[PDB]
Every structure is written in structure tokens, then in C-alpha cells.
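sequence? don't have it. structure:
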């Protein structure tokens, strides 16, 4: 119901999957008994999300984050909807959705 | 009963768990015999919650505070419901719920 | 000043002859095609501790330094960054390059300058003066001398094809340039064989370095 | 008498990669923003210039609280308590502990590139442990001259004689940034515009401007010339010098113009000596 | 007779970070809000300008109840009981005890940014290594020229002669509260529109307008010029001085326009002297 909220939820899932890919990458990077930096990574992600100055800033950032996440199956099935949602809507709203997704990824694992 | 009220209660719990995470963070940050600022932190949180000027303001703050809370299980269980509740609803009612949560985290400790 | 850059590479490998101009130029052109057609490029002499058999032992401060316009670096950086080349049967490796500015100094110096058809010292001074005027430069011309005081000639062996040609040159020291003209001199140089590892000018301390030994 | 020394100093043309930003994905983007006429210009943080001045002060004696190790890259405090009376650094730049929280005599603004930043990305390959791998990344560079603005509250200094080393440090500013300054870009000024007055009102904030990126002549803004000619900016309070004076002296009507009676010198050191004589006269040094 | 001096004043172009709201987590947010045409403009608090004027009155001698320590960063009261008759500060700015509570002769409006504010947040690192909670910090800045309007009830002044030092301070305004260590923004006016009249009706509010977003043109609003031409805002009571004078004189048919009959001076000091002469005439000083 309420198709725009469907786009919002699939954006949430896309962001969660991209950050899952990024987490897998950084887990792969570390080795031996040192605790892999993840809470620190979450703090860095939040801080970089907070740092932005409208339009191009934070949009290049979201695109780069989605790229470094890897292959996003939800993005693959929902290319057009996600792209149209990203191009439209105030960037502050997209940042708020991204922060909610930041707090929404934990049930994945 | 009245699933909207269920979502409201679980949102109260989510905010409580986020403030628990931030309390753990500040307790970790403090050092030596200095008294960890908790009353000061709670009053600061309340003052920043009262300070807000619609939509982007206080919603960015809500998302940032939830992220600062870190791992929160109550938000993990229910993704779409809380995500839609945050995106929808007038921000003032969300402020009421968050303030209540401020007054109702103290049951936990 | 900063409008021209000296590309420096930490160079390591086998010891090298002290007249290695064409050898290193040919190796670099082998591993870098675009170097063979550029115009305003030049290579600084490779420092080190020499040996008894007219060979130089590369040290930690030994490095390959290339003078280039900043608007042509992307044509050379891909083929030299981290790249390795062979001089004969010797292996040479270059690290990640670093950029060094073109600083002005009160006096300058060149290890080896050659101009076609000038072997005697006096006519060489006259020709270096002529190229000196052609660049709008002011200064006085001196020739670096051996322990005997005789002007020191240096020789470049271009081993083109089966044969090899001989070109003899002089070390030229020019002082009282004024920093703008000094920069113009270091960037232009005199001799033309800057790809041939001759015409690059350097501050005057290296002149003392070469005059001591 | 509350004396103030404001000035806009201009640097020499060259390549700049000084104060790179967050480096979005691969390019060390140069710190850029919007400026006159709405064209993107590259900036240099004023805090970098303040750090360079502090390093210069620490180099040549001048007891300073913050010592730059130059090897371990760690600032060490000579004394825990800040004492601006004894240290040049605390007296000049102030401090904040979070004691006294000195306001700081020197004020600075970020350096703005004379010409708009158009293109000029450079190829930079960083090494990798993956079987000697080299991954190519990007780095922005700009060929321009940076001008910046600064103000000195001479009366605010605990020791009035400490102003003299500051002008020398501005003239002999060390390398800005250090490691990330890919191309060694000097910040010793090549043309100065100094106003040593006794009232808070201060023009000449960004007098230098040429635009026209095809060249690097670094002319003077028509607004500053008009402000000088009108009657404001008393010429006896104006100190001008550098390569810009060479251009100014060639101008017609220069002798008749009120710009002539302003203290003007082709050589920068002549400015520095004459101005320092003026300061030592006015401050009873 | 009651006399009122109203004025819209525009500052100089530059980089400013004067006012900060709440410091979200790392940025010192420039005081911003919606303005004309519905795009976010940065703001400078009128209380900061009042503090700057009070500090000016403190510096150039004069008597002030509140003294700015400049060393303890604390405000001290010469007398616990305020007295507008003696002190310039209490007479001009008023006071609340919570006595007399006054009203305050000077009334000022908040300073808006001529240019819409989009982005431009500054970095903020520190030496290297041993990084603590204070290592990383961002800072917002705006490249614009701030402008605001003010108005003063001269008759309300306990001493009528105190109006002149206020105008002098408005000319030579000291630093306005902000990060002057890294963002030194001179708040000295470069264009003035003053009205000295005996009516409460105060036109000539924010009139300076920006010809091009992201630029520094600062032309004069069409509504203000139309108001002047239509008959209201008597030109004999109009006092224009600053850089806008050149733009006004380059306007076509300016001589035929009623604006030419207004008191215009390209030099600011000449217009200030003429205005102060007129004020002294009309107040019997």
C-alpha cells in the first residue's frame, strides 16, 4: 500500500544490503585476534552522513556508498524506483531515511 | 489491541534502548574518579528535544540519537512499522512520545 | 618556479657507468613510448658514490630525476610509476614518484653541455653566451676546471646502431642571474641534449661536489 | 592608542594541492567553494597558515608552548598551564583548554584562489601490498595565486615587541600543510597591501583580484583603487609593495593619483623595514 | 521635536562564520533561516551587533556600566544600579534588572545574508596522531555580505549629544562576535542608506539586493527606488553613502530621477560629516 512508502522501504533494504556488503569487506580486511572495527565503522558512517552541504554533496556520497557496498540484489530488481526516488525528494529526507536504515540493519545479523 | 498503540509502545521501548546505548557510551567515555554526567546529559537531551523547528529539525536529531544508541533489539524486531511511524505522523506527537520515553526509561534503571 | 616540476624516482639496482646518458634514455624510451616524442623534457644526472672503473654505485640518495612541464606529467606518470627497466643486462626499479619544485639560486651549474661544432673552450663560451642572450638571460660564464685548472670536458657515448658517436662538452657555471632569470635558465637550460641527460642546470653546490672529485 | 595592522598578502603563481578534503571515493578533492561572479574557487584553510606561523615561531627560538616534533609528528606542551606572558604562541594565537582562554591577537581568513578552479586533476598511483600492486587514484591541483586577509590587534599583545617577529614569519612562512603539499608551494608573499591604522574600520580585505585565468598578472581590484581615490583609506596609513607596485608605477596619472602618496616600495624588504620603524616609533619599542 | 534616524547598512564581502546555533555534533551551524524568495539565508544576531557597538564605546574612552574584561572574558558592572544619565551604555542600549528598566534608544534588526546560503562547511584537524575527542571538527562558513536595518529614537536619549559616538561606532564597528581566529570578517560598512526625519513611519528597510546569486553585486532594490520616485521618502531627508553610489550614478537618467536630489556622497566620511552637521543643527548642539 501507499507506493511511495514502498519505495521508502525498498530504499531502506537497499541501504542495509549495501552496508552488509561493506561490513563483509572490512571483516575480510582484518586478520588475527584484533576486534574488527564495526562500532567505529558505524560511527564513521554516521559522521560522514552528517557531513554534507546539499545536492552534489551526500549524493556522490550515497552513490559511492552503494558502489562500495557491492552488488545489491534489491537495487538490481528495483533500479528505476530507487533511482527516481534518489533523484527526487529533499536530500535531508534521504539522509534521515539513511540514518533510519543505519539503525535498521541489525536484524540482518 | 489497536496496533497503532502497539507501535507507539515499541517506539517508546526503541527510544529507551537508544538512550541506554548512549548512557553506556558516556559511561565508557568518562575516566578517573570524575562523576559521569548523567543528570547533565539527560537535561541536555531534554533541552535539545524541546529545541526544534519542524520536519527536518528534530527528525534529523531523532535519527542521529537512535544511531548514537547503537544496537537496539526492539527496533530490530519491527522494521517497517517503526520506519513508517517515523516517516509519517506529525513531528510534535513523536516529540511527545520521545519525551515520555525520557520519563519512562528510568524503569530500566 | 612552481610552473615546472622535477619528477624524482627512488632508483635502485646495479652500478652504472658514469657516461650512461644514452643507456638510460634508451631504456626509458623502451619502457615509455611518449618520452621519445616530448620536447621540453630533461633528466638530471643520477647521484651516487663512484667506483674506480668509471662506474657509479647507487646509494640511498641516488635517484632518477626528470624535468618536465606540469601539463605533460600524465603522459609520463603511467609508464614510470612503480615501473622497472633494463640497462643492458642490469635490472633497475623505480618507486612511486615524488614532485620537487624548480627553486632559484644565486648561481647555477651544468655538468655537461654540448653544442654542435664547438670543441674549443673559447668558442664554447661564445656559443653559450649566444644561447644565453637568446633566452633573455644575464650572467657571467665560467667553465668548471679540473685539479689542474684545465677546463673539464665530459664525453657522451651515443651507441646508435652498430657504431657509436662521440660528443664532447664542457661544464658551465653561470652566476649573478637574478632569481627570475635563474629560473628561466634552469627550465630552458643550454645545450639542447636534455633528453640526452646533459643540459639540465642545478644550483651551484653540485658544482663544488664535482670539482672536489 | 588602540593600533591595528590589517593586510591582504598575495602569493606567487604555482601548483597547489594543499588542503585536501574528505576525498570522496578516489580523488583528493581540493577545498573549493563559491566566490565572486559565482565561479568555483579553491581555498586554503586559515588554520593551516596559523600552524605554519606557529612552526616558524618555534623554529627561531621564540619560546613556544607547542613544539613540533618533526619526527613523531606530536605536539608537546612545554608547560601544562598556558602563560601568554612568557610564550610567543599563547600570546599571539591564544588558546582554549576546556583557565584564561586567551582571545588571541592574530585574526586570519582563508586564502582564496585568484582564478576560478576549472579542471586540472592529476594522476596519482598509490602502492599496494597485493603482490606489488599499484591502484590509480585522482588528485586535484590548481595553478593560481592565493591571497588571504589577516588582522593584528597590536594592543592585545601581552608584549608589544612580539609584533615584529610576526611580520617576519609572514614574509618567511614555512611550507604549509607539509606532507600533503604534493607540489612544494611557497607561501611567502610576492605583493603586500598593509594598512597600519588606529581605528577598527578596515577595508582592503580582498583588494587583490585579476580574474582572466589565461594569465597571472594579479592586478588590483577597481573597488580598492576607487576606495583609495575617494578619500577613505588615508594614504599615509597605506603600505603597498611587491610586483604589483611595478604594474602600478607604469599606470598613467599615477603621480597625480592619491595612490602615489601612499607608502609604496618596489622591494618588499624596504616595506618591512620602514613599517617596522613606524611600529617601533608608535609602540615605544 | 521628535527625531528619528533610520538606516539600512551593508557590510563588506568575505567569508564569515559569525553566529552559530547549537553545534549538532561537529558543525558550528551558521545561524540560518528562510528569507525572501524562500531560500535559506544565514543570519547575524542583532544582539551581537549591539555587543560590538557597546565594546566600541568601551574602547574609545567614554563611560560604560558594563566593562568587557578582555582577559577574564567576564562582564563587570561599574555600579549595580544603572544610571542612563551618566553612562553611555545604559542610556543607549537600555537595561533590565528583574528600578527603571528604560526602553533603549537604539533599536536594531537582525542581519541577513545578501547571498543565499547553500553549503561551504570547513574542515578541522590537528597536528597528527594521539587524536582525542577534540581532533575532528567541522565549521560552516558563508561567502556573502551581511546587511541589516536599524533605527534610533534620538529624543529618547538622556543626552542628545550621545548620538554622534553611536554613528562613529557604526562606521568603525569592531569585530562582531564570531570565529575571528579563522574567519576574520570586517563588519565595517561599505554602503549606507540613512534617513533623518521626524516621522515614525520607517521605510528604507532592507533594500540592498543581490543582482546575481552567488555574487557580490549588491544593487539597490527596485521597490525602494520606486518608493523614492513615487513621492514618499523625501530625498532631502535621504542620506546615501558607500560603494552603491557608483552604481547609482551609472544608472540612466539619474539626474532626472528624484534620487539625484537626495544627499549622496561616494565617500562615506564626507556623508557622515554632513549628517552629523545636520543632526547637530537639528538638536541645538
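Yes, it's here. Numbers count the residues shown, from 1 in each chain, chains lettered A, B, ... in the order given.

residue D:151 belongs to a strand, doesn't it?
Yes. Using DSSP: H, G, I helix; E, B strand; the rest coil, the secondary structure at residue D:151 is a strand.

and the nearest residue to residue D:157 once chain neighbours are set aside, how many residues sit next to it?
If the residues on either side of it in the chain are set aside, residue D:157 comes closest to residue D:105, at 5.0 Å by CB to CB, 6 or more residues apart in numbering or on different chains. Just so you know, the C-beta spots here come from the backbone N, C-alpha and C atoms, and that holds for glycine as well. Burial of residue D:105, expressed as a neighbour count using other CB atoms under 10 Å in any protein chain shown, amounts to 22.

mind listing what residue D:105 touches?
Contact analysis of residue D:105 by CB atoms under 8 Å, 6 or more residues apart in numbering or on different chains lists D:91, D:92, D:93, D:94, D:152, D:153, D:154, D:156, D:157.

most surrounded residue in these?
Using other CB under 10 Å as the neighbour test, those are led by residue D:92, with 28 neighbours.

helix or strand: which one has that residue?
helix D:88-93 (DSSP states H and E).

residue A:9 too?
Assigned by DSSP H and E, residue A:9 belongs to helix A:3-29.

angle of the following helix or strand past that helix against helix A:3-29?
Next helix or strand after helix A:3-29 toward the C-terminus (DSSP H and E): helix A:39-50. Our comparison of helix A:39-50 with helix A:3-29, counting by axes from the mean of the first three to the mean of the last three CA atoms, to 10 degrees, yields an angle of 140 degrees.

Provide the contact partners of helix A:39-50 at residue level.
Around helix A:39-50, the neighbours that count as contacts under CB under 8 Å, 6+ apart are A:19, A:22-23, A:26, A:58, A:61, A:65, A:95, A:98-99, A:102, B:64, B:67-68, B:70, D:22, E:24-27, E:136.

recalculate using a threshold of 7 Å.
Contacting residues not belonging to helix A:39-50 are listed as A:26, A:61, A:95, A:98, A:99, A:102, B:64, B:67, B:70, E:25, E:26 [CB atoms under 7 Å, 6 or more residues apart in numbering or on different chains].

if any of the residues you listed are buried, put those into a ChimeraX selection.
One line in ChimeraX is enough to select the buried ones among the contacts of helix A:39-50; burial here means 16 or more other CB atoms under 10 Å in any protein chain shown:
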select /A:61,95,98,99,102 /B:64,67,70
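
kindly reformat the contacts of helix A:39-50 as JSON lines containing distance to residue D:242.
What follows is these, written out as JSON lines (distance: CB to CB, whole Å):
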{"residue": "A:26", "distance to residue D:242": "52"}
{"residue": "A:61", "distance to residue D:242": "42"}
{"residue": "A:95", "distance to residue D:242": "46"}
{"residue": "A:98", "distance to residue D:242": "50"}
{"residue": "A:99", "distance to residue D:242": "51"}
{"residue": "A:102", "distance to residue D:242": "52"}
{"residue": "B:64", "distance to residue D:242": "49"}
{"residue": "B:67", "distance to residue D:242": "52"}
{"residue": "B:70", "distance to residue D:242": "56"}
{"residue": "E:25", "distance to residue D:242": "43"}
{"residue": "E:26", "distance to residue D:242": "39"}
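
burial of the residue lying closest to residue D:210 once chain neighbours are set aside, as a residue count?
Of all residues beyond its chain neighbours, the one nearest residue D:210 is residue D:219 (4.5 Å), with distances taken as CB to CB, 6+ apart. Counted by other CB under 10 Å, the residues lying close to residue D:219 total 16.

for residue D:5, helix, strand, or coil?
The three-state label for residue D:5, taken from three-state DSSP, comes out as strand.

no, scratch that, I was asking about residue D:112
The three-state assignment at residue D:112 reads strand, by three-state DSSP.

do the same with residue C:156
Using three-state DSSP, the three-state assignment for residue C:156 comes out as strand.

show me the contacts for it.
Residues in contact with residue C:156 (CB under 7 Å, 6+ apart) are C:19, C:21, C:112, C:114, C:167, C:169, C:196, C:198.

likewise residue D:191?
Residue D:191 makes contact with D:10, D:218, D:241, D:242, D:243, D:244 under the criterion CB under 7 Å, 6+ apart.

one step back: from residue D:75, how far out is the residue nearest to residue D:157?
Here the distance between residue D:105 and residue D:75 works out to 21 Å (CB to CB, to the nearest Å).

what's the neighbour count on residue C:44?
The tally of other residues near residue C:44 (other CB under 10 Å) stands at 21.

now it, nearest residue through space, not along the chain?
The shortest distance from residue C:44 to any residue other than its chain neighbours is 3.5 Å, reached at residue C:65 (CB to CB, 6+ apart).

distance of that neighbour from residue C:59?
Counting by CB to CB, the gap from residue C:65 to residue C:59 is 14 Å.

return the nearest residue of chain D with respect to chain B.
Scanning chain D for the residue nearest chain B gives residue D:98, at 14.2 Å (criterion: CB to the nearest CB).

quick one, phi psi at the closest residue to that residue other than its chain neighbours?
The shortest distance from residue D:98 to any residue that is not its chain neighbour, by CB to CB, 6+ apart, is 8.0 Å, and that residue is residue E:134. Comment: the main-chain dihedrals of residue E:134 come out as phi -100, psi 10, following degrees, to the nearest 10.

for the one 3 residues further on, same thing?
Residue E:137 has phi and psi values of phi -160, psi 130 when expressed as degrees, to the nearest 10.

neighbours of it, how many?
16.

please apply the same query to residue A:71.
When neighbours are defined as other CB under 10 Å, residue A:71 has 9 of them.

ok, and what's touching the helix or strand hosting the residue nearest to residue C:44?
Secondary structure assignment for residue C:65, by DSSP H and E: strand C:63-69. By CB under 7 Å, 6+ apart, the list of residues contacting strand C:63-69 from outside reads C:4-11, C:40-44, C:46-47, C:76, C:94, C:200.

out of these, which end up buried?
Taking 16+ other CB under 10 Å as the criterion, what is buried in the contacts of strand C:63-69 is C:4-11, C:41-44, C:46-47, C:76, C:94, C:200.

in chain C, what residue lies closest to chain E?
Closest point on chain C to chain E, by CB to the nearest CB, is residue C:98, at 19.4 Å.

sorry, back to before: how far does the helix holding residue D:92 sit from the chain's center?
Put simply, helix D:88-93 sits 17 Å off its chain's centre (CA atoms, centre = their mean, to the nearest Å).

residue C:17 versus the residue nearest to residue C:44, what's the distance?
Distance of residue C:65 to residue C:17, computed by CB to CB: 18 Å.

who has more neighbours out of the two?
residue C:65 (20 against 16).

in chain C, which spans are strands?
Listed from the start of the chain, chain C has strands (DSSP state E) covering C:4-13, C:16-17, C:42-44, C:49-50, C:55-57, C:63-69, C:84-87, C:90-94, C:98-101, C:107-113, C:140-143, C:153-158, C:165-175, C:202-203.

run through who's touching the second one.
Looking back up the chat, that one is strand C:16-17. Under the contact criterion CB under 7 Å, 6+ apart, strand C:16-17 has outside partners C:46, C:54, C:55, C:56, C:58, C:87.

mind running it again at 8 Å?
For strand C:16-17, contacts defined as CB under 8 Å, 6+ apart pick out C:23, C:24, C:46, C:48, C:54, C:55, C:56, C:58, C:87, C:90.

which residues does the residue nearest the centre of chain A contact?
Here the mean C-alpha position of chain A is nearest to the C-alpha of residue A:15 (CA atoms, centre = their mean), at a distance of 3.1 Å. The contact partners of residue A:15, by CB under 8 Å, 6+ apart, come to A:65, A:66, A:97, A:98, A:101, A:102, A:105.

ok, of those residues, which one's closest to residue D:225?
When these are compared for distance to residue D:225 (CB to CB), residue A:65 wins out at 49.8 Å.

what does chain A put close to chain D?
Residues of chain A found near chain D (CB under 8 Å from any CB of the partner chain) are A:48, A:51, A:60, A:61, A:64, A:67, A:68.

the second one contacts residue E:123, correct?
What it means is residue A:51. No. Counting by CB atoms under 8 Å, residue A:51 sits too far from residue E:123 to count as a contact (9.3 Å).
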